[PDB]
Peer 1: 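Would you mind keeping the following structure in view while I ask a few things?
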Amino acid sequence: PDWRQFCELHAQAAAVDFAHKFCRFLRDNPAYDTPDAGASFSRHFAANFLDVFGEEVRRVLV
Amino acid sequence: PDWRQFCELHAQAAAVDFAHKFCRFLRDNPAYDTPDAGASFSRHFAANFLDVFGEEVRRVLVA
């Protein structure tokens, strides 16, 4: 089934939707609208995403 | 509005949703459920998400 494609397609849809919410957030809160905002979010994302993923997976059991 | 919480809540939302799809994918394709799966899938999703994120943000700002 191509597990990579699976990951990529769901990641694409999630990232696209978020990118819109992101731009919406920066327009409503211009104080956060800097050139490194995306980089900051990305750091929070990598960390939090992998941790929550691991906990949700082990929790889905039942 | 707290920046940390904004980022954390969206990151969490994304992880919870994909964890569900991941589990559902491994149920329909058990051959893929191995001790390496969790790390492989989550990391590949996370890398692609970030790449796509940057691209859509730019596309949206220019438009």
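Every chain is numbered from 1 and lettered A, B, ... according to where its sequence line falls, protein lines coming before strand lines. Only heavy atoms go into these numbers, but all of them, side chains included; no hydrogens, no water, no symmetry mates.
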Peer 1: Could you give the distance from CG (A/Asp2) to CG (B/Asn29), rounded to the nearest 0.5 Å?
Peer 2: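 If we round to the nearest 0.5 Å, A/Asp2:CG and B/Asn29:CG are 11.5 Å apart.
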Peer 1: Under a 4.5 Å heavy-atom cut-off, does chain B meet the side chain of A/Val57, its backbone, both or neither?
Peer 2: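 When you check distances to chain B, atoms from both the backbone and side chain of A/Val57 fall under 4.5 Å.
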Peer 1: Taking side chain as everything from C-beta outward and backbone as N, CA, C, O, which of these in A/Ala37 sits under 4.5 Å from a heavy atom of chain B? Side chain, backbone, both or neither.
Peer 2: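 Both parts, heavy atoms under 4.5 Å.
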Peer 1: So which residue, A/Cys7, A/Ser42, A/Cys23, ends up with the most heavy-atom pairs under 4.5 Å with chain B?
Peer 2: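 Ranked by contacts with chain B, first place is A/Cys7.
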Peer 1: Are B/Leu61 and B/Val52 connected into the same hydrophobic cluster when the rule is that any two of I, L, V, M, F, W, Y join if their side-chain heavy atoms are below 4.5 Å apart?
Peer 2: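 Different clusters: B/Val52 never reaches B/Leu61 through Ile, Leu, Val, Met, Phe, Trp or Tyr contacts under 4.5 Å.
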Peer 1: Taking C-beta and beyond as the side chain, do B/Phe49 and A/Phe18 meet within less than 4.5 Å on heavy atoms?
Peer 2: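 They are in contact (side-chain heavy atoms under 4.5 Å apart), so the answer is yes.
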Peer 1: Can you confirm whether or not the ring centre of B/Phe45 sits under 6.0 Å from the ring centre of A/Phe53?
Peer 2: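 No, they do not, as the ring centres are separated by 6.0 Å or more.
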Peer 1: Which one of B/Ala47, B/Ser40, B/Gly54 has the most heavy-atom pairs closer than 4.5 Å to chain A?
Peer 2: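 Answer, by heavy-atom pair count under 4.5 Å with chain A: B/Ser40.
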Peer 1: Roughly how far apart are A/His44 NE2 and B/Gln5 CD, rounded to 0.5 Å?
Peer 2: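 Between A/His44 NE2 and B/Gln5 CD, I get 11.5 Å after rounding to 0.5 Å.
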Peer 1: Does any backbone or side-chain atom of B/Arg4 lie under 4.5 Å from a heavy atom of chain A? Answer side chain, backbone, both or neither.
Peer 2: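 Contact with chain A is through both the backbone and side chain of B/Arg4.
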Peer 1: Can you tell me how far apart CZ (A/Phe6) and CZ (B/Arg24) are? Round to the nearest 0.5 Å.
Peer 2: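 Here the rounded value is 9.0 Å.
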Peer 1: Going by heavy atoms in the side chains, are A/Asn48 and B/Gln12 under 4.5 Å from each other?
Peer 2: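 The answer is no, as the side chains (C-beta and beyond) never meet within the 4.5 Å cut-off.
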Peer 1: Mind running side-chain contact (heavy atoms from CB on, under 4.5 Å) on A/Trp3 and B/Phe22 for me, showing each step along the way?
Peer 2: CA-CA 10 Å; A/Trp3 70 270; B/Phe22 163 79; over 6 Å; no
Peer 1: First locate atom NZ of B/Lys21, then atom CG of A/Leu9, and finally report the distance between them rounded to the nearest 0.5 Å.
Peer 2: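 Result: 11.5 Å between the selected atoms.
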Peer 1: Examine whether an atom of B/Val16 lies under 4.5 Å from a heavy atom of chain A, and if so say whether it belongs to the side chain, the backbone or both; otherwise answer neither.
Peer 2: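 Looking at B/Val16, backbone and side chain both touch chain A.
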